RNA sequence: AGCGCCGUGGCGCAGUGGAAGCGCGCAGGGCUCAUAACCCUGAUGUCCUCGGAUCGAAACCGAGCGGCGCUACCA
Ligand SMILES: Nc1nc2c(ncn2[C@@H]2O[C@H](COP(=O)(O)OP(=O)(O)CP(=O)(O)O)[C@@H](O)[C@H]2O)c(=O)[nH]1
Ligand SMILES: [Mg+2]
């Protein structure tokens with residue numbers, strides 16, 4: 001009754017490698033289709049890879065060298081361990097701040113897991 | 001235009017509130033279901049057992065709504081050494097019209113005497129059939145003293161099995177055998193993961209679980225599929241608890257006693273010390289009705305070593321500041337429910353794991369500390385908790401003289417040495433003090449594979465006493 | 001109206017260590033004004049400049065800022081300052097900077113007083129500054145004793161009482177210090193009535209708090225109690241805190257419990 | 001929960017009581033036939049928020065926020 005559909009909502013990360021530069025436009029779409037706020041996602045991307053740039057426009061402009069496969073892989077890791085829980089298939093969970101860190105909670109279930117780093 | 005807080009108030013006072021307990025009620029006529037007892041304290045202790053990292057705090061939270069919270073930064077995520085406590089109020093709908101499976105409702109400890117039915121279409125209210133306490137037992141293969149002691153507290157059992165994982169979880173069987181050791185039958189089997197299986201897989205898992213329960217002492221265990229995360233099928237769990245599990249024999253005849261499992265210093269930091277509070281022993285009472293203002297003695301207490309290496313035992317005399325149970329301060333204490341006995345003791349006794357598994361007696365009784373204990377043991381065929389990859393689960397050997405082993409005497413977690421081995425009898429010498437009151441059902445664990453491993457049960461038959469220094 | 005150097009005479013002396021501000025590197029070195037001194041330009045030659053031979057000298061000059069200095073010879077006939085940069089000890093550079101911070105900070109209050117009362121800075125210096133640097137060796141320690149002990153100006157003739165009371169307000173507002181002495185005391189008690197003992201111990205300790213220095217035994221943990229005190233002269237706090245220690249030992253040695261000290265009184 | 005640390009220019013340190021710093025980075029220029037090395041010029045800041053003595057604070061202090069380490073679970 002509740003879940004007739006029982007992720008399939010990952011936007012294909014179509015990137016741009018302009019040699020010295022790299023532009024990722026899909027950053028907002030992957031922010032939406034994964035129900036993820038933009039700033040936390042982009043800081044996690046910067047924490048995975050020690051490269052520096054800016055955010056331009058609804059896109060991420062990082063001046064460094066990476067194939068689309070490797071940034072795709074980094075997004076795959078973030079998808080594997082943040083947007084969807086390993087134990088059960090779900091995605092509607094989002095960031096919350098339970099005594100200073102980011103403590104995750106869910107909506108479909110009501111989880112309380114301490115994932116911050 | 002009423003605020004949600006105004007709505008919840010209006011319902012709370014409409015539900016009768018939480019009436020203050022009488023200061024001196026006639027205790028001869030009091031039953032555990034009495035209105036003064038049932039509304040403000042928990043009379044039955046239910047304990048959760050399960051495999052590691054499957055969810056036993058979450059099931060309790062889904063039942064009652066009281067968080068175990070989990071603490072100690074590093075321990076926020078892996079495992080928690082201390083037990084997890086929560087109070088649930090069992091409410092049955094007074095309307096027969098509503099379906100029987102969903103009439104039951106487990107609420108938090110702050111609910112009213114008769115809250116309204118959340119079922120859309122029923123104006124009937126909820127009657128309180130019982131209040132229950134929950135003792136979350138850690139289920140790790142290293143942490144064994146706390147699980148045995150929390151068992152030694154509780155009176156009802158709750159087994160969790162995950163479906164998609166392998167059927168024969170070994171430490172779940174270890175939990176079940178530990179429960180069987182202390183003389184409990186009332187065990188309810190839970191299927192934690194049911195949404196994530198198919199129809200055929202769930203039935204196969206049920207068949208496996210049934211195939212496991214044929215040789216154990218427990219035979220007619222109820223099995224019910226629940227979900228700690230999805231938070232459904234809660235009412236029927238309350239149904240099974242109410243029907244299957246009655247109140248253990250507990251009246252006011254037996255002399256007063258306490259068994260402390262947790263210690264809690266009450267020192268609110270940042271606050272000035274001129275406004276402080278005593279030290280609180282988190283203890284369970286199996287026998288004894290305790291009233292606001294009492295002198296009690298922690299029998300093993302101060303444990304000293306003299307210049308000559310002899311262990312001196314100084315009981316911790318103490319006057320009870322308060323008996324914190326459930327939500328509010330209570331005038332009297334009910335046997336069969338964990339309570340924070342706050343006393344004049346210096347909180348440095350209740351800061352760390354210091355009062356974990358220690359016997360207490362009010363003034364007017366003289367339990368005996370011992371140093372050598374005669375023990376009557378009996379072992380099982382194989383060790384529980386080792387996933388041998390297909391080869392003959394390890395067989396228990398016969399005990400050797402002079403071997404350090406963990407002997408859980410009731411709640412006390414002690415490491416004793418065997419001084420003699422007989423056909424069914426042994427003698428244990430203790431360096432960590434232990435007292436004997438009546439029988440104190442005992443669990444035995446050895447060190448064969450690094451961490452402790454349960455082997456068999458035992459009961460004290462005799463012992464060499466020590467006289468406390470006054 | 002910036003003038004009137006801190007020291008005694010109207011030309012710098014010989015063989016001393018000072019600190020200049022750099023303005024220009026034109027042909028032979030640095031002709032630099034002095035902020036350790038009044039206003040007079042002094043020479044350093046590029047030979048008296050660089051310890052290591054360098055490609056671009058500017059990286060060692062950094063025009064516009066302040067740099068270590070030494071006056072060797074002084075033209076006390078028409079004014080020339082034979083000065084160098086490399087002729088300073090490796091350690092004594094920090095002595096030069098600390099001397100300069102003292103002198104500069106003394107200059108700031110005198111400039112404030114001069115721009116308030118419209119007396120030229122030289123007069124306020126003359127009446128006040130060098131009598132202080134004579135009695136106590138410096139005006140900074142003179143101000144430090146004046147904030148605590150008012151005998152400093154006894155025997156010094158001021159231009160006006162207004163300058164006095166204004167600069168007293170300024171020393172009490174700007175030179176305001178009291179180091180936080182901290183201790184940590186363990187309760188090891190295993191006794192029966194310990195909370196009442198702790199309450200009475202803090203009662204006794206906080207009853208020692210004087211008007212100027214207040215001792216507050218704050219709680220952070222069951223064993224660890226923190227002693228915070230404002231040592232106004234960095235000597236009364238230790239004795240106050242030892243008295244507190246004795247008071248907790250007194251309360252604890254008779255009820256039945258035991259207590260121990262982890263961190264004794266330290267600034 | 002309290003205490004020890006902190007509040008970027010892209011970074012790390014810093015003087016923090018005259019009001020924008022140094023190196024690493026980046027744009028640009030210079031030397032060279034040419035490249036690297038070397039040499040010069042730079043635009044980046046609410047030096048986190050709110051108030052206060054102060055001509056004036058980014059600095060000196062405090063009625064709030066955020067991020068760091070311990071006291072350790074502090075009913
Ligand atoms: N899919 C699914 N996940 C669950 C369920 N119940 C709990 N979990 C997961 O378990 C996690 C919580 O585990 P936790 O209760 O801490 O395990 P634990 O009780 O400490 C294991 P132990 O008692 O041996 O110490 C949650 O993050 C949640 O996602 C369930 O029914 N289904
Ligand atoms: Mg638990």
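Values in this text are rule-based calculations from the coordinates and carry no lab data. Neighbour counts are summed over all protein chains in view; Cβ atoms, including those assigned to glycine, are modelled from backbone coordinates with ideal geometry.
Decide, for region B:251-366, between rounded, prolate and oblate: order the square roots of the alpha carbon gyration tensor eigenvalues as a ≥ b ≥ c, take rounded if a/c falls under 1.5, and otherwise choose prolate if a/b is larger than b/c, else oblate. Please report the intermediate quantities before stating the final value.
Numbers: a/c = 2.01, a/b = 1.09, b/c = 1.84.
Here region B:251-366 falls in the oblate category.
Provide the FRET efficiency to the nearest 0.05 for the residue B:462-residue A:95 pair, computing r from the beta carbons and using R0 = 60 Å.
On the way: r = 62 Å, r/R0 = 1.03.
It comes to 0.45.
Modelling each spin label as a point 7 Å along the Cα-to-Cβ direction, I'd like the residue B:404/residue B:388 distance in nm, to one decimal.
Here the modelled spin labels are 2.8 nm apart.
With a Cα-only, solvent-free Debye model of chain C, what are the log10 I(q)/I(0) values at q = 0.12 Å⁻¹?
For the requested q values the scattering log ratios are -0.83.
Roughly how many whole Å is it from the C-alpha centroid of region B:194-208 to that of region B:233-287?
Each part reduced to its Cα centre gives a spacing of 37 Å.
Is there a simple number for the mean count of other chain Cβ atoms within 10 Å of the Cβ of residues in B:273-284, and what is it? Write out the running numbers ahead of the final one.
Numbers: counts 14, 7, 1, 6, 1, 4, 4, 0, 0, 0, 0, 0.
Across B:273-284, the average partner-chain Cβ count within 10 Å equals 3.
Which residues in region B:253-277 place their backbone N less than 18 Å from a point set 7 Å from the Cα of residue B:76 along the Cα-to-Cβ direction?
Taking a point 7 Å out along Cα→Cβ of residue B:76, no residue of region B:253-277 has its backbone N under 18 Å.
Restricting to bridges with both residues inside chain C, how much of the DSSP beta-bridge set is antiparallel, in percent to the nearest 5?
The antiparallel fraction comes to roughly 95 percent.
Counting other beta carbons within 10 Å of each Cβ, put B:457, C:153, C:130 in order, fewest first. Each step should come with its number before you reach the end.
On the way: B:457 21, C:153 17, C:130 14.
Sorted ascending by nearby Cβ count, the order is C:130, C:153, B:457.
Residue by residue through B:345-355, how many Cβ atoms from other chains fall within 10 Å of the Cβ on average? Can you show the working numbers first?
Numbers: counts 8, 20, 9, 15, 8, 1, 5, 2, 0, 1, 0.
The shielding value for this peptide is 6.
Take the alpha carbon atoms of region C:181-213, find their center, do the same for region C:2-78, and report the distance between the two centers in whole angstrom.
Using only Cα atoms to place each centre, the spacing works out to 58 Å.
Note down the nm distance, to one decimal, between modelled labels 7 Å out along Cα→Cβ at residue A:35 and at residue C:168.
If labels sit at residue A:35 and residue C:168, their model points lie 7.1 nm apart.
With a Förster radius of 41 Å, plug the Cβ-Cβ distance of residue B:69 and residue B:13 into 1/(1 + (r/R0)^6) and report the FRET value to the nearest 0.05.
Efficiency, rounded to the nearest 0.05: 0.90.
Please state the shape class of the protein assembly as shown: rounded when a/c is under 1.5, otherwise prolate if a/b exceeds b/c and oblate if not, all from the C-alpha gyration tensor. Intermediate results must be reported in sequence, preceding the final value.
Numbers: a/c = 2.38, a/b = 1.72, b/c = 1.38.
Judged from the Cα gyration tensor, the protein assembly as shown comes out prolate (a/c at least 1.5, a/b above b/c).
Give me B:451, B:140 ranked fewest to most by other Cβ atoms within 10 Å of their Cβ, as a rough exposure proxy. Intermediate values should be presented prior to the final figure.
Details: B:451 13, B:140 17.
Least to most surrounded, the residues fall as B:451, B:140.
Pop a pseudo-label 7 angstrom from the Cα along the beta-carbon direction at both residue B:363 and residue B:308 and give the gap in nm to one decimal.
About 3.1 nm, to one decimal.
Using only the Cα atoms, work out Rg/Rh for region C:147-253, with Rh taken as the Kirkwood radius, to two decimals. Write down the numbers at each step before the final one.
Working: Rg = 20.0 Å, Rh = 16.5 Å.
Taking Rh as the inverse mean 1/r over Cα pairs, Rg/Rh reads 1.21.
Rounded, prolate or oblate: which one fits chain B, using the alpha carbon gyration tensor with axes a ≥ b ≥ c (rounded when a/c is under 1.5, else prolate when a/b beats b/c, else oblate)? Intermediate results must be reported in sequence, preceding the final value.
Working: a/c = 1.91, a/b = 1.16, b/c = 1.64.
Cα axes put chain B in the oblate bin.
How many angstrom lie between the C-alpha centres of region A:45-109 and region B:140-160?
39 Å
Using R₀ = 22 Å, calculate the FRET efficiency as 1/(1 + (r/R₀)^6) where r is the Cβ-Cβ separation of residue B:372 and residue B:142; round to 0.05. Can you show the working numbers first?
On the way: r = 29 Å, r/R0 = 1.31.
Calculated value: 0.15.
Quick one: compute a quarter of the convex hull surface over the Cα atoms of region C:16-91 and quote it in nm². Write out the running numbers ahead of the final one.
Working: hull surface 20.6 nm².
If you wrap the Cα atoms of region C:16-91 in a convex hull and average its projections, you get 5.1 nm².
Among the DSSP beta bridges whose two residues both lie in region B:77-233, what percent are antiparallel, rounded to the nearest 5? Write out the running numbers ahead of the final one.
On the way: 15 of 23 bridges.
Counting only bridges with both partners in region B:77-233, antiparallel ones make up about 65 percent.
If a paramagnetic tag sat 7 Å from the Cα of residue B:26 along the Cα-Cβ line, which residues of region B:234-272 would have the backbone N under 19 Å from that point?
B:251-253
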